[PDB]
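In: This one is an experimental structure. Sequence first:
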Amino acid sequence: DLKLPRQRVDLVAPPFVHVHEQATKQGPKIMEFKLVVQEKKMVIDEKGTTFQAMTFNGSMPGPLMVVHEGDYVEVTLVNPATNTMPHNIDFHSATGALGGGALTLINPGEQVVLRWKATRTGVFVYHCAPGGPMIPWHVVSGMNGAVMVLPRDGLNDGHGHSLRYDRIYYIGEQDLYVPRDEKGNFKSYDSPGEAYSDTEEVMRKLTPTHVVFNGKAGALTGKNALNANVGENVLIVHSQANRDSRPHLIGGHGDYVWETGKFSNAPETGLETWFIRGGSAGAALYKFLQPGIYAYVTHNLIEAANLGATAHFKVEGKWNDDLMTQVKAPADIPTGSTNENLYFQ
Amino acid sequence: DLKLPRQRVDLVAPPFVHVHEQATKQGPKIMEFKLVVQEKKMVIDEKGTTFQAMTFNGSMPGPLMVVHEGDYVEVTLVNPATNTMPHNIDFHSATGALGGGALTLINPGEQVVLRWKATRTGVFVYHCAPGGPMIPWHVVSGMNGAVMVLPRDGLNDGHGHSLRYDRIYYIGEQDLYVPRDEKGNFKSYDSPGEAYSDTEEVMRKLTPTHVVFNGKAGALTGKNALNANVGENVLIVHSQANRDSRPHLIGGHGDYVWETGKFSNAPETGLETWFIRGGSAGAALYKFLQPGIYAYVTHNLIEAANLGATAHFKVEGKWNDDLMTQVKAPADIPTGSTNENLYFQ
Amino acid sequence: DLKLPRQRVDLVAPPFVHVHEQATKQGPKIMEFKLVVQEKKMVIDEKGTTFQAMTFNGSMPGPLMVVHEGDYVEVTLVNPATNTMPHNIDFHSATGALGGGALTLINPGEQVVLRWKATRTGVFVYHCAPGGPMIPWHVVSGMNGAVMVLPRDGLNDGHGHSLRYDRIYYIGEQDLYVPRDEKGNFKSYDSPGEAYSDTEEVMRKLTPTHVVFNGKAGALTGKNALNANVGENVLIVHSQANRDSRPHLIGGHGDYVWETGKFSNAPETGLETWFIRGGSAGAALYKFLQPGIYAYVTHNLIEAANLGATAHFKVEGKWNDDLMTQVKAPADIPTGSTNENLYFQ
Ligand SMILES: [Cu+2]
Ligand SMILES: [Cu+2]
Ligand SMILES: [Cu+2]
Ligand SMILES: [Cu+2]
Ligand SMILES: [Cu+2]
Ligand SMILES: [Cu+2]
């Protein structure tokens, strides 16, 4: 009855993004996606703490879906019988039935097919939402991702000029609530159900034990730093389904930032730090101007350095001494310096 | 000496709003309001927990006042002698004397009359502010509401086009700080004064025990869901006098959102989730496109589902299968499905 | 090799700001600043609680630096041998090398000279960032300030009209994490290193013990209230390097607010309360219209009244009864008043 071409999309694990066109002259299609729920224990920090997670497609965050305005998105949500709980999906991009949640509740061993029209442009959260207290628990257990609905003409600067990215990354930030024992050590559990009561108690106090990108402290540092090159315009999509965040690229800026994430609004320019409201996705474009390591953080630095929420970019290219230079390397304070006369002493 | 017509306004309890014109061709008037402080015990959650509250006009939030730009607002604040504490009022809409607080301190048995000129358009918080530590305590005990100052031409989209709402609701969100005993159960008290010391200790840790709309968990669910119809443009005013919130309409959007709440600024379009800075009111317009239940939450889902901060809309009308449809109802996973080959396993 | 004039700037302690031009017809210069790290015990509240602080130039916040777009900023960072730890500096205004942090690590007894080009307009945080867990600890110990990069034509309203301030103040807000003993009293320490382990435990819970302006509760009240006069347009720069804030001027407004702090974006008008994302600076202009005391707060009123985050302005001039007036002073409730008939009773 909807007589449009169908196109199957193969998702990829974050922070990477499946192939897509930015601008397109194709007309609306039915874009077909499959999301498979996977409940499993996962490692969430550098000390090896484990966690009873619930995911779409085995990752935290779930994968980024990319479509264009006016496409229809036909999602097969699958809940294999190796899982123990019912699940569903709420697309913040969609209109009606609790985002789809009221049409996608499935028991282990079931699947369901939801179609929603992509009438709203931007980046948007999707997440599980079974009902009642299960809603926050499934979300903070990992069941959230994002979808991007691009304008058919691609992005623009809000002032009539096209913007094109050379690279895209999806940073899903996750607040986790991990019980501790009387000795103060994180507790391990053999199933999500066994974890629940203790976890709910931590959730109620609204203070995460971990705040991570791509599912664990250190996930996007080390060998898994994000690559870029001087001159590239990089789109960084950031989502947080449950709790606020304040992204910042250390040594960079947000050249164009949609912090509320919706491309019908002009981006802000030249930001230092932006703000992702819990329950949303936002996006920032930055053209790299200097090589080296950059850290990408939430700028509650306690969260960034001590709870897990730091990623790295490794950027190749040539240093620009006009923008920044070390005029004099560290040296002993001159003996004839006069700092004892300064106003603050 | 101010020679303008006087118009008495009868307030109504939230989430409803007293009758008013959106656009008007009337000139400035003196709009007369009465607010009566009421200290009383109130029920704040579904388990029947009680709370020593302080209110304007017996409700949390206090009622929404609606005027137009250039009106004068003449408020009689009354503190009956059945109350035990002094009170005052701070209008964030007003200019001077600590919002009016420095001109309205009244003891039990007194009343005072304040007039302020509505020179600033938008939605704004009002709240009690007696002085010092009493300021946060009176506010988080319930003494806060909002006022809307409409442009005389009504709302517009920031791009020269009038916007008109068919319905308006006021959602006041309240962070509450309820002591617990050694057994972990919420404590009851016989007066606000007896509650204070234990309550201040909870306040100091900055984590509410409850986050509620219209004064209690479940207030706007059940029989008291908010009504609307497909096609109606609904204005949802949201205030929070002490603490941030991130509103979201599950299954909907914010078509036009003034998240900082001030109508001299163009609204943002097509938001998923917005942000109410503690100490402010904001507003969102949404035209309903689908019937059914919608949940309206703060999108810290722990707060929403576990601390009280969920409302419902019940929307009548006809479902639009073009926007969203269940293509296939829940069914067993096909035996010949191949999910073991998916990239994430 | 950079052949520009050099101009040495003498910094002053906050909340005051060194002398500068708003609009200028001078061309780019090399603007020379010196920042000296000082580790010392400081008093942070009205009860005399002490704290092992780390500062730039002896103050919390560090001083406001002011330059113009296209200037080069050449900073000599000095770490005297009376200090115990290494330090560095990250300018959110700068491009490359972790904001400068990767080029400025200095041991006690060393200094370094960094030059960065002021290519981005706005107010921006600067802060120490040595590496790893030392990053949040140095910041929340006090090592953060701000820099303002003005357009050469000065500020404008985003709609082609120049804005000029008569006065400028810099409000640096600081979240502090002070351990308590088993009796609940704040603990004192003899060095930052001795404080660290207990302090990190408080930091991990993400709830400050104190939230202060200009380094201590009460710093900008009393004798040190901020002065202004009716009619003056005052720029209030607000920074927070680690944690969100929601500024509000009680009895006033933000006439023009850059809450993300970047002057390539038009300001919002007529705000009640704005939002400083942790890790940023923002700015608000307000033209005073009434004399008297104003309080300037973060509008988590618990933070404002109970954790230290209130400043005052003392404004001289003549009261305007058109904007606000006490129509009737406090009086007994009339005997023939009818309040028992009101809808809420
Ligand atoms: Cu689920
Ligand atoms: Cu949601
Ligand atoms: Cu009161
Ligand atoms: Cu206020
Ligand atoms: Cu340092
Ligand atoms: Cu930083």
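Out: It's in. Numbers count the residues shown, from 1 in each chain, chains lettered A, B, ... in the order given. Ligands and ions are numbered 1, 2, ... in the order given.
In: burial of the residue of the stretch 151-300 of chain A found nearest chain C, as a residue count?
Out: Closest to chain C within the stretch 151-300 of chain A is residue A:299: 2.6 Å, counting by C-beta to the nearest C-beta. Bear in mind the C-beta positions are built from the backbone N, C-alpha and C, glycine included. Residue A:299 sits with 29 neighbouring residues when counted by other C-beta atoms under 10 Å in any protein chain shown.
In: what does residue A:190 give?
Out: 9.
In: Next: residue A:112.
Out: 23.
In: you'd agree the residue of the stretch 151-300 of chain A closest to chain C is up against residue A:244?
Out: No: using C-beta atoms under 8 Å as the test, residue A:299 is too far from residue A:244 to be in contact (11.4 Å).
In: what does the stretch 151-300 of chain A have sitting close to chain B?
Out: With C-beta under 8 Å from any C-beta of the partner chain as the criterion, the stretch 151-300 of chain A meets chain B at residues A:200, A:203-207, A:241-244, A:260-262, A:264-265, A:275, A:277-281.
In: which element follows the longest helix along chain A toward the C-terminus?
Out: The longest helix of chain A (DSSP state H) is helix A:192-204. Per DSSP states H and E, helix A:192-204 leads on to strand A:210-213 as the next helix or strand towards the C-terminus.
In: May I have the strands that pair with that following strand, each with its orientation?
Out: strand A:167-176 (antiparallel) (DSSP bridges).
In: residue boundaries of the strands in the stretch 51-200 of chain A?
Out: With strands called from DSSP state E, counting those that start in this stretch, the stretch 51-200 of chain A shows them at A:64-68, A:72-79, A:90-91, A:110-117, A:122-127, A:144-150, A:155-156, A:162-163, A:167-176.
In: just checking, what packs against the longest helix of chain A?
Out: strand A:50-56, helix A:134-140, helix B:301-306 (3 or more C-beta pairs under 8 Å, 6 or more residues apart in numbering or on different chains; DSSP states H and E).
In: which residues sit against that helix?
Out: The set of residues external to helix A:192-204 that reach it, using C-beta atoms under 8 Å, 6 or more residues apart in numbering or on different chains, is A:39, A:52-54, A:84-85, A:133, A:136-137, A:140-141, A:177-179, A:187, A:189, A:209, B:302, B:306-307.
In: which among those residues end up buried?
Out: Listed as buried from the contacts of helix A:192-204 are A:39, A:52-54, A:85, A:136-137, A:140-141, A:177-179, A:189, A:209, B:302, B:306-307; burial here means 16 or more other C-beta atoms under 10 Å in any protein chain shown.
In: Spatially, what comes nearest to residue A:167 if we skip its sequence neighbours?
Out: residue A:234 (4.8 Å; C-beta to C-beta, 6 or more residues apart in numbering or on different chains).
In: try residue A:63
Out: residue A:11 (4.0 Å).
In: Could you give the backbone dihedrals for that neighbour?
Out: phi -70, psi 160 (degrees, to the nearest 10).
In: contacting residues for it?
Out: Residue A:11 neighbours (C-beta under 8 Å, 6+ apart): A:18, A:33-35, A:57, A:63-65, B:343.
In: Can the strand or helix carrying residue A:249 be said to contact chain C?
Out: Assigned by DSSP H and E, residue A:249 belongs to strand A:247-250. Yes: using C-beta under 8 Å from any C-beta, we find that strand A:247-250 touches chain C at A:248, A:250.
In: cool, stretch A:304-315 as well?
Out: Yes: interface with chain C: stretch A:304-315 contributes A:304-307 (C-beta under 8 Å from any C-beta).
In: Let's have those in a markdown table, adding distance to ligand 1.
Out: What follows is the residues of stretch A:304-315 next to chain C, written out as a markdown table (distance: C-beta to the ion, whole Å):
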| residue | distance to ligand 1 |
| --- | --- |
| A:304 | 28 |
| A:305 | 31 |
| A:306 | 29 |
| A:307 | 24 |
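In: these two touch, right, residue A:100 and residue A:116?
Out: Yes: contact status for residue A:100 versus residue A:116: in contact at 6.2 Å, counting by C-beta under 8 Å.
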